[PDB]
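S.K.: Can you read through this structure? Questions will come right after.
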Amino acid sequence: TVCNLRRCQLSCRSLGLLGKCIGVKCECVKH
């Protein structure tokens, strides 16, 4: 349906960095 940003974010956060949901694809990015 969509992409759970909060979920995607927290997902990346696992690594320690931050996550972002762009369109329908989330990725782990550093601040």
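Identifiers in this document derive from the order of the structure tokens: chains are assigned A, B, ..., residues are numbered from 1 separately in each chain, and ligands are numbered from 1 in order of occurrence.
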Could you name the residues that touch residue 31 of chain A at 10 Å or less, counting only C-alpha atoms, but leaving out those on the same chain fewer than 4 positions away, as a tab-separated table (two decimals) with N, CA and C atoms, in the first residue's frame?

M.R.:
chain	number	residue	atom	x	y	z
A	17	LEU	N	22.02	4.97	12.80
A	17	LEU	CA	21.82	6.14	11.97
A	17	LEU	C	20.33	6.49	11.94
A	18	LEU	N	19.94	7.20	10.89
A	18	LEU	CA	18.55	7.61	10.74
A	18	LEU	C	18.01	7.05	9.42
A	19	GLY	N	16.69	6.97	9.34
A	19	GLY	CA	16.04	6.46	8.15
A	19	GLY	C	15.04	7.48	7.59

S.K.: Quick one: residues within 12 Å of residue 10 of chain A, only C-alpha atoms, excluding same-chain residues fewer than 4 positions away - as JSON, numbers by chain?

M.R.: {"A": [4, 5, 6, 14, 15, 16, 17, 18, 19, 20, 21, 26, 27, 28, 29]}

S.K.: What's the 9 Å shell around residue 2 of chain A, counting only C-alpha atoms, without same-chain residues fewer than 4 positions away, as number ranges by chain?

M.R.: A: 23-25

S.K.: Can you check which residues of chain A DSSP gives as strand (DSSP E) on the backbone and send them as a PDB file with C-alpha atoms, in the first residue's frame?

M.R.:
ATOM      1  CA  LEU A  18      18.552   7.606  10.735  1.00  0.00           C
ATOM      2  CA  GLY A  19      16.038   6.456   8.149  1.00  0.00           C
ATOM      3  CA  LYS A  20      13.802   8.210   5.649  1.00  0.00           C
ATOM      4  CA  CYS A  21      10.889   7.126   3.489  1.00  0.00           C
ATOM      5  CA  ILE A  22      11.215   8.679   0.053  1.00  0.00           C
ATOM      6  CA  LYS A  25      11.256   3.383  -0.623  1.00  0.00           C
ATOM      7  CA  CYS A  26      12.895   3.873   2.754  1.00  0.00           C
ATOM      8  CA  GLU A  27      16.642   4.018   3.270  1.00  0.00           C
ATOM      9  CA  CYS A  28      19.140   4.447   6.081  1.00  0.00           C
ATOM     10  CA  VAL A  29      20.852   7.820   5.949  1.00  0.00           C
TER      11      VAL A  29
END

S.K.: If you run DSSP over the backbone, which residues in chain A end up alpha helix (DSSP H)? Put them as a PyMOL selection string.

M.R.: chain A and resi 5-13
